[PDB]
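this one's experimental. Sequence and coordinates below.
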Amino acid sequence: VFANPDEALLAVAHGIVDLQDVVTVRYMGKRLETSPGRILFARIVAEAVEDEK
Amino acid sequence: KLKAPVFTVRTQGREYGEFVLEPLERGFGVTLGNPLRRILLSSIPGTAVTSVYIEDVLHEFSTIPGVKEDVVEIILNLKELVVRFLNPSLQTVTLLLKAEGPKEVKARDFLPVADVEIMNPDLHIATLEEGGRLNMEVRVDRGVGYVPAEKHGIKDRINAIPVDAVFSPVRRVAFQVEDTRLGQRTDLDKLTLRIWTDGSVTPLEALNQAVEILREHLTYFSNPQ
Amino acid sequence: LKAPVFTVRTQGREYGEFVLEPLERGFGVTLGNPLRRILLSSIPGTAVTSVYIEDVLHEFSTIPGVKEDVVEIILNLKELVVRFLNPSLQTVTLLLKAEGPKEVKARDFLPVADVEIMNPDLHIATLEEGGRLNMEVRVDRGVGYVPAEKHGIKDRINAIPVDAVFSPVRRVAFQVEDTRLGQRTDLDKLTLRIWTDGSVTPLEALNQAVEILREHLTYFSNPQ
Amino acid sequence: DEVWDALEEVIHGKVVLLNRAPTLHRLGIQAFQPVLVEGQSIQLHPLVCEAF
Amino acid sequence: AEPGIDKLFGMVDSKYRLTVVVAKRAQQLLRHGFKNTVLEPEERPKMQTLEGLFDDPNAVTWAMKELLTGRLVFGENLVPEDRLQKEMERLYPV
Amino acid sequence: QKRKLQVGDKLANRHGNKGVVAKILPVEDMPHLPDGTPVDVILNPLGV
Amino acid sequence: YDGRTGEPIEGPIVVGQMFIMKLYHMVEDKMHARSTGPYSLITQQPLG
Ligand SMILES: [Mg+2]
């Protein structure tokens, strides 16, 4: 259960989980049951458009 | 030989910064960017919560009566806590928090410990209501990188819940290598390093520590056998 | 973690193994890859840059009494390994005068002070009876891969520029094992394997690679 | 070498038209800001390949 | 994409009117040597040159950025063509 | 003229797979075997 | 292994030795540009 996308991707960088493993990540104030890769894709769109909501 | 590159810094606040090194020889942007990112994400010393004890709580997947947040959400908020030890010899402290409803529990509600500074005192911990009591003791250690709770498994007392220890102050590293030119040389590299940090250390300090760690490891290739 | 022990195993002047253990988890790649990239790219060495053959105007010609054409001879000369025993030496010219019938090798070059041919048995050309080969091979010192079209070095009118591969390092591989110390078992054991043409020993190439990385780490010192 | 530096100032802000035959639709001709590159080949963006 | 292209398209009823305004303004800027510009000195477009940072010579880039400020008036039958050309020459000698 | 392989030159195999050279990488950038041997050519699996 | 990072490719890669040909279509012989040049006799249009 990750508190933020940064922590979830930090675990991926440290090799605990893969981008395709389904985990629990808190994003946008919501407890999401998704993979870090799907969370990573959300950040790609958010940073490209410079608008997270 | 190529002229020494210019190191420019664009740092905003205390949690983000961009560092550019140009001009560089072909392939040296990748040669330098990858080691620093690995050291930044895994070797920068920091502090994190590694154990939590809450009164009347048996397991992490329970909930306290009188608070909106369950045990998991409070644990998740605790993982957001940024604390900086002011004493180099200091290794571990325990922060005590006694709260009565219906206040909104914040990081500033922790009892002040000597040589211990809460970098984010406005961080939200829990929201209480009438009749709700939150007696929590959180254990803060010193370490590097990311350690899952089940790996270290640190418990100070019975019913203590181990929590994932995000030791690394560096939140995220993203380095970019761009093609640049210096006269008739066209295969030169431009390295841009962007560092996100929790605020305990400046991204400039994190880069300095990472470079020193890499420099120290290069001295290991000195005495054969 | 305490300072790792450094172990060196050398097989002559062309192969060497360098072991650095114990290391923290992830430092095998963190240390191995940057050195491998520097070893494969930025190690100074010597290479043939220009060749002049008497009675030969360009590289698209043949020499009477010589089985190989100039293109093949230049290809053979690109495999010549020349070691400068003097660090201040920057350019040398090797003189070869042979008469057929013989198989002229790299050992047939005239001796030069502070110059050693690391592969005397390299075949250069095959001379037939009545054939003559008078060559002036220029060996320079540099880094990287410089095509003949870039440097364009011609010691005289009929000299033929030669694409120069100055890198002495032939192959680099680094290996990471599961080493353990005390009660922690995630530690890294890094083993660097370096193959070199022999003009520079693998130990010297590793030392230069470390210095190059160390110098580049000093570029992060003064912010602007 | 100073000629190449002057060429960069020439093409600053200017665009060129890239066309691949057959031009079945109008996006068979598109305008791009040219980036000077060493070599003899035109570098094309991957996302416009389908239109061309 | 051109900077502020969405805002440029929103100021005209027909997208080809935007091109006409930009192109006509660009030649006005070229004719008077960029001395008729409505851009402040800190707002002038610039290009990176080895000698230093200099003014952008592309008048189309200038014209697009001028229209974003809103200091340019465009339309049909605004002023007579002969009166427009003569008056600009007087107040912006070239 | 002695022509070397450059960007834009067309390469092909006997099975109909053809393409132009779009990028020339240094040896330290190419993928390599664990023994240290780098590959020479990188082909897109999506063409199969 | 990736030469840029030193980390392995996350999945095994088909690596082998294949015979590849260099075709006669070369960018050196195909690149052409013209600002002004010869024109046609009748139409006065540029030649091809
Ligand atoms: Mg050689």
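Looks like it arrived, so ask away. Numbers count the residues shown, from 1 in each chain, chains lettered A, B, ... in the order given.

in chain F, what residue lies closest to chain G?
residue F:8 (3.0 Å; Cβ to the nearest Cβ). Yep, even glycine has a C-beta here, placed from its N, CA and C like the rest.

right, and that residue touches residue F:24 too?
No: using Cβ atoms under 8 Å as the test, residue F:8 is too far from residue F:24 to be in contact (10.7 Å).

so which of those two has more stuff around it?
residue F:8 (19 against 10; other Cβ atoms under 10 Å in any protein chain shown).

how about the more buried one, secondary structure?
Assigned state for residue F:8: coil (three-state reduction, DSSP: H, G, I helix; E, B strand; the rest coil).

show me the contacts for it.
D:39-41, F:20-21, G:26-27, G:30-31 (Cβ atoms under 8 Å, 6 or more residues apart in numbering or on different chains).

of these, which belong to helices?
Among those, the members found in helices (DSSP state H) are G:27, G:30.

what's the burial count for the closest residue to residue D:7 other than its chain neighbours?
Excluding the flanking residues, the one nearest residue D:7 by Cβ to Cβ, 6 or more residues apart in numbering or on different chains is residue D:36, at 6.8 Å. By other Cβ under 10 Å, the residues close to residue D:36 number 10.

residue D:19 versus residue D:36, what's the distance?
As defined by Cβ to Cβ, to the nearest Å, residue D:36 lies at a distance of 20 Å from residue D:19.

stretch B:176-188 and chain G, any residue contact?
No: if you take Cβ under 8 Å from any Cβ of the partner chain as the test, stretch B:176-188 misses chain G, and the best it gets is 9.2 Å.

list the buried residues in that stretch.
Burial within stretch B:176-188, assessed by neighbour count using 16 or more other Cβ atoms under 10 Å in any protein chain shown, is assigned to B:177, B:180, B:188.

Three-state assignment for the closest residue in space to the first one that isn't next to it in sequence, please.
What it means is residue B:177. Using Cβ to Cβ, 6+ apart and skipping residues adjacent in sequence, the residue nearest residue B:177 is residue B:29, 3.5 Å away. At residue B:29, secondary structure determined by three-state DSSP is helix.

ok, residue B:29 - contacts?
Residues near residue B:29 by Cβ under 8 Å, 6+ apart: B:21, B:175, B:177-178, B:189-191.

and residue D:40, by the same measure?
Counting by Cβ under 8 Å, 6+ apart, residue D:40 has contacts F:6-8, G:27-28, G:31.

residue F:18 - how many residues pack around it?
For residue F:18, using other Cβ under 10 Å, the count is 14.

the closest residue to residue E:74 other than its chain neighbours sits in which helix or strand?
Nearest non-adjacent residue to residue E:74, counting by Cβ to Cβ, 6+ apart: residue E:21, 4.5 Å away. Using DSSP states H and E, residue E:21 sits within helix E:15-31.

is chain D within reach of the very next helix or strand once past that helix?
Beyond helix E:15-31 on the C-terminal side, the first helix or strand identified by DSSP H and E is strand E:46-48. Yes: using Cβ under 8 Å from any Cβ as the criterion, contacts between strand E:46-48 and chain D involve residue E:47.

what helices or strands is strand E:46-48 leaning on?
If contacts are counted by 3 or more Cβ pairs under 8 Å, 6 or more residues apart in numbering or on different chains; DSSP states H and E, strand E:46-48 sits against strand E:53-55.

contacting residues around the strand it packs on?
Residues contacting strand E:53-55 (Cβ under 8 Å, 6+ apart): E:34, E:44-47.

what lines up beside that strand in the sheet?
strand E:46-48 (antiparallel) (DSSP bridges).
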